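Report on the following structure.
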Amino acid sequence: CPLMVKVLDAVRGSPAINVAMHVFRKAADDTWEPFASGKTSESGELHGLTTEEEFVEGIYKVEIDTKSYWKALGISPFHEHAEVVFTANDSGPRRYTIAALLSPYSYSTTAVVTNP
Amino acid sequence: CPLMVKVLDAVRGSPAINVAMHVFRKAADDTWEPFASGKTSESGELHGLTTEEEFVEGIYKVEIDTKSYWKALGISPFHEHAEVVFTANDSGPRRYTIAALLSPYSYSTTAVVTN
Amino acid sequence: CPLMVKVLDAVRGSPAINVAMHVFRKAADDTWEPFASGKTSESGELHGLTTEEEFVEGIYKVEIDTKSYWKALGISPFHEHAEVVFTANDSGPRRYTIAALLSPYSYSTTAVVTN
Amino acid sequence: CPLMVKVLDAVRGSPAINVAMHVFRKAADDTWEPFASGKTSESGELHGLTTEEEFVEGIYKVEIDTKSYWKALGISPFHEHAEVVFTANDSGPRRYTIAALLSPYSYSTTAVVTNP
Ligand SMILES: COc1c(O)cc2oc3cc4c(c(O)c3c(=O)c2c1CC=C(C)C)CCC(C)(C)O4
Ligand SMILES: COc1c(O)cc2oc3cc4c(c(O)c3c(=O)c2c1CC=C(C)C)CCC(C)(C)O4
């Protein structure tokens, strides 16, 4: 599992459950090609987006639909979504853990990249 | 000043100086039209992006070239850039301050929306 | 102004106004002696804490009463307070800006150290 | 495992390994009593600080020795340490995950509190 995403709610102190996200990969012609998508589980995690074979070198974008999440909780947040854009696997294969911590007017995102 | 951006450097405890960014507005065909751009000053701020007449409701994206900034300092960054995408003015003009705090493998962005 | 504190509210996208804090300095018997205190203004800043003569090298703690702030807004917070503990002036006076960003179950604090 | 701490380095994009921390509990007489201590593992985690029996209701403080960590990496950081002070178990037993994300001049800390 070379790409995993973990989302936390900073207002309730819990995993952010059922957060949708779409992953794109930049194609040869400079457009974003749809790569994978899913929702966070009850542990605030999304596993199985991809595999070591399919997760080739390139520039990827993960767009976390944070606004629907806040909206379903009765909150109007600032952001339309949270986006993480990064070059992956450029020095060979890595495992990427992307973590997003959400507040209605703020978010942060961090990557842990481990050599496996 | 209806839209201000402030960037900070969590590795050095300083403003992030000379950081380039573009601002786009969502156009009705759903693409991103360039709107305003600049570099951060020595206080890590970028002002004068727009005015209140021109800054109408809509979806705006600020794309901060964080990767060039880490490269000039000689430190491998993770992100290509930091994006902030938001709906402005939901019901009327407020002032927006967007602050980004940068680390090579992490960033946070916050909005302060005042009256 | 050698030491300034700024607090922000990530739930509401505003300054955190009226937030109380005390500043302590580490005394040679290793206890924490009160040094300065205040509340944030309407811009979420607290200035005038000390002056450059009085603000000598040493270990300082800023203890931000974040729990009272969340209680007045009616939202259960996790932390008792936020603490920022740092060695000042390692080699000479610099200006310090300590910014705290508050959420009920999270906070971040950053220092901007300038010349 | 009612209390777990996870520390990440935001400069290298990795777990923060071998970070020491001490946990105190506030005693009846308003002093901090030593409660537990340990170091983060290779996954940046510290498990086994306590047990459900010993982890009674009270105000706890976790002091993460972030400065030694930065120092061992050749960096002079701002903070002496990162401290998390909180009331635990006041509405009955909970599981607390405390996460700290470290940069030399900044850190954040978040708690996830789950009912078990
Ligand atoms: C990241 O920590 C900081 C920080 O170190 C400095 C900051 O400075 C600010 C100045 C500011 C405003 C700000 O929001 C900030 C900050 O956000 C700020 C922050 C917090 C920014 C982040 C945690 C990404 C609003 C009020 C106004 C008077 C318009 O000017
Ligand atoms: C800071 O960014 C991260 C991060 O990169 C990894 C994180 O890992 C976590 C794992 C975790 C839990 C977590 O809260 C985290 C993280 O917080 C985490 C974070 C966010 C940490 C901060 C923004 C300080 C909760 C549930 C449980 C199932 C026990 O496992």
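Numbering of ligands and ligand atoms starts at 1, following listing order. For the numbers below, each heavy atom of this structure counts, side chains included, while hydrogens, waters and symmetry mates do not. Note on naming: letters A, B, ... go to the chains in the order of the sequence lines (proteins, then strands), and numbering restarts at 1 for each one.
- Counting non-hydrogen atoms of other residues, nucleotides and ligands closer than 6.0 Å to CD of C:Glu52 gives a total of 12 or fewer.
- Residues in residues 76-88 of chain B take part in these salt bridge (charged side-chain N to carboxylate O under 4.0 Å, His left out) pairs, two or more places apart or across chains: B:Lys61-B:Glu83, B:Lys67-B:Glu80.
- Under the salt bridge (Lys or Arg N to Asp or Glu O under 4.0 Å) criterion, B:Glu63 pairs with no residue, sequence neighbours left out.
- When D:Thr109, D:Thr66, D:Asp9 are each tested for a side-chain contact (heavy atoms from CB on, under 4.5 Å) with D:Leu102, only one passes: D:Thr66.
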What does the N/O contact table under 3.5 Å look like for ligand 1?
residue  : atom  : partner  : partner atom : Å
ligand 1 : 2 (O) : C:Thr110 : OG1          : 3.4

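- By the neighbour-count criterion of 12 heavy atoms within 6.0 Å, atom CG of A:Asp90 is densely surrounded, having more than that number from other residues, nucleotides or ligands.
- Residues forming a side chain to side chain donor-acceptor pair (under 3.5 Å) with C:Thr110 (at least two apart in sequence, or on another chain): D:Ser106.
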